[PDB]
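The listed protein sequences derive, respectively, from chains K and B. Reading the first sequence from the start, the letters are residues 156 to 207 in the deposited numbering. Reading the second sequence from the start, the letters are residues 801 to 987 in the deposited numbering. We treat Cβ as the ideally placed atom computed from N, Cα and C, and that holds for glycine. Worksheet: the structure to be examined is printed underneath.
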Amino acid sequence: XXXXXXXXXXXXXXXXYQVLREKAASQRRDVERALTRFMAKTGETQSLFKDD
Amino acid sequence: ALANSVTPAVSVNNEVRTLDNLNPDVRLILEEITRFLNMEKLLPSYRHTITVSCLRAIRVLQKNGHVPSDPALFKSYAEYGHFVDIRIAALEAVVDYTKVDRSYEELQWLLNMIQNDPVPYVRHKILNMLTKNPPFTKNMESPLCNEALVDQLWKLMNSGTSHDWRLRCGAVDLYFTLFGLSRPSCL
Numbered sequence: 156x157x158x159x160x161x162x163x164x165x166x167x168x169x170x171x172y173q174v175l176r177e178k179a180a181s182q183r184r185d186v187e188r189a190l191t192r193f194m195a196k197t198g199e200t201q202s203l204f205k206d207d
Numbered sequence: 801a802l803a804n805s806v807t808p809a810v811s812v813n814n815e816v817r818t819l820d821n822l823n824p825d826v827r828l829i830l831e832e833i834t835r836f837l838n839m840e841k842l843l844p845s846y847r848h849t850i851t852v853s854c855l856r857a858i859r860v861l862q863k864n865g866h867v868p869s870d871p872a873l874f875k876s877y878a879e880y881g882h883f884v885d886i887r888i889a890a891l892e893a894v895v896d897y898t899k900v901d902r903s904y905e906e907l908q909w910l911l912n913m914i915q916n917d918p919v920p921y922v923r924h925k926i927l928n929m930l931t932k933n934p935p936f937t938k939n940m941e942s943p944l945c946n947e948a949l950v951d952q953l954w955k956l957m958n959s960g961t962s963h964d965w966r967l968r969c970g971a972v973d974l975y976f977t978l979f980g981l982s983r984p985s986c987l
């Protein structure tokens, strides 16, 4: 069958529900912290300690 | 619930002032309250109630010696052009700050803003929860109300309070709490 016949390729399955929504919530947390740092260092700033 | 994660016993000797970048889960709580404060600065969803809970959390962290006892954030959120709830939470915070810490100057600013602001309800609730949460407690007078604060409170009962009846009613409540059925031990 290595020479005559053939097959078909998909090459992408994970199917892990809890892992998928962990990845989605981690990406949401990353977007939160990224925009947090962005407009944290962008605009008018008052800190918690001195010069955070 | 993050505000109800009171951990008062981290600073054993001096851990208040950016020594450890204080550790280990208090910093994660600071990360989350920073995220929610900046989200409600960007999103805002319904009255900045998340910001009210975050300011209560920041005051609890100031009461546990992690973030140092500095009113300047609460001062900048007791300003005029905000929502009523943000301002009322920052004013509850600075009333409890004047209770615990010995900040006389922010009390002077608080009385001057009792005199000078156009919104009645913030004055109402300043006087209400200043009576509920009193500094300068009767017959426990360490921060020395007798110097000139008795005079200025007597003035604020007499003058500058012809606006509403209830503001001098709250000042009557103030003299109920502060040196009530006696002389104030001045002369």
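If you look at residue 945 (chain B), you'll find it isn't in any alpha helix (DSSP H); DSSP assigns it neither H nor E.
Taking each of B:960, B:884, B:900 in turn and checking the Cα distance to residue 935 (chain B), the smallest one comes out for B:900.
The closest CA to that of residue 199 (chain K), considering only B:873, B:880, B:960, is found on B:873.
Here DSSP, grouped into helix, strand and coil, assigns residue 979 (chain B) to coil.
Taking 4 residues as the shortest admissible run, the stretch 849-909 of chain B contains the following complete alpha helix (DSSP H) segments, listed from N- to C-terminal end: 849-863, 872-876, 884-900.
Neighbourhood of residue 838 (chain B) in chain K, by CB distance below 8 Å: 190, 191, 194, 195, in chain order.
Look at residue 201 (chain K): its C-beta is under 8 Å from a C-beta on chain B.
At least 8 Å separates the CB of residue 177 (chain K) from every CB of chain B. Contact note: residue 807 (chain B) does not reach chain K at a C-beta cutoff of 8 Å; the least C-beta distance is about 16 Å. Around the Cβ of residue 836 (chain B), a 10 Å sphere holds 16 or more other Cβ atoms; the residue is buried. The beta carbon of residue 942 (chain B) does not come within 8 Å of any beta carbon belonging to chain K, so the residue lies off that interface. Cβ-Cβ separation between residue 878 (chain B) and residue 891 (chain B): approximately 5 Å, consistent with a contact (criterion under 8 Å). Taking a beta-carbon distance threshold of 8 Å, residue 876 (chain B) counts as an interface residue toward chain K.
Taking 8 Å as the cut-off, the Cβ atoms of residue 845 (chain B) and residue 871 (chain B) do not count as close.
Per the C-alpha coordinates, the member of B:939, B:867, B:979 positioned closest to residue 206 (chain K) is B:867. Collapsing the DSSP output to three states places residue 812 (chain B) in coil. Residue environment analysis places residue 197 (chain K) among the exposed positions, since fewer than 16 neighbouring C-beta atoms fall within 10 angstroms of its C-beta. The stretch 947-956 of chain B and the stretch 903-921 of chain B touch, with three or more beta-carbon pairs separated by less than 8 Å. Residue 945 (chain B) sits buried, since 16 or more C-beta atoms from the chains shown fall within 10 Å of its C-beta. Contacts between residue 867 (chain B) and chain K, judged by CB atoms closer than 9 Å, involve 203, 204 in chain order. In the structure shown, the three-state DSSP call for residue 970 (chain B) is helix. For residue 803 (chain B), there is no enclosing alpha helix (DSSP H), as DSSP gives it neither H nor E. Residues of chain K whose Cβ lies closer than 8 Å to the Cβ of residue 872 (chain B) are, in chain order, 201.
Within the stretch 811-836 of chain B, those residues whose Cβ lies closer than 8 Å to any Cβ of chain K are, in chain order, 817, 818, 830, 831, 834, 835.
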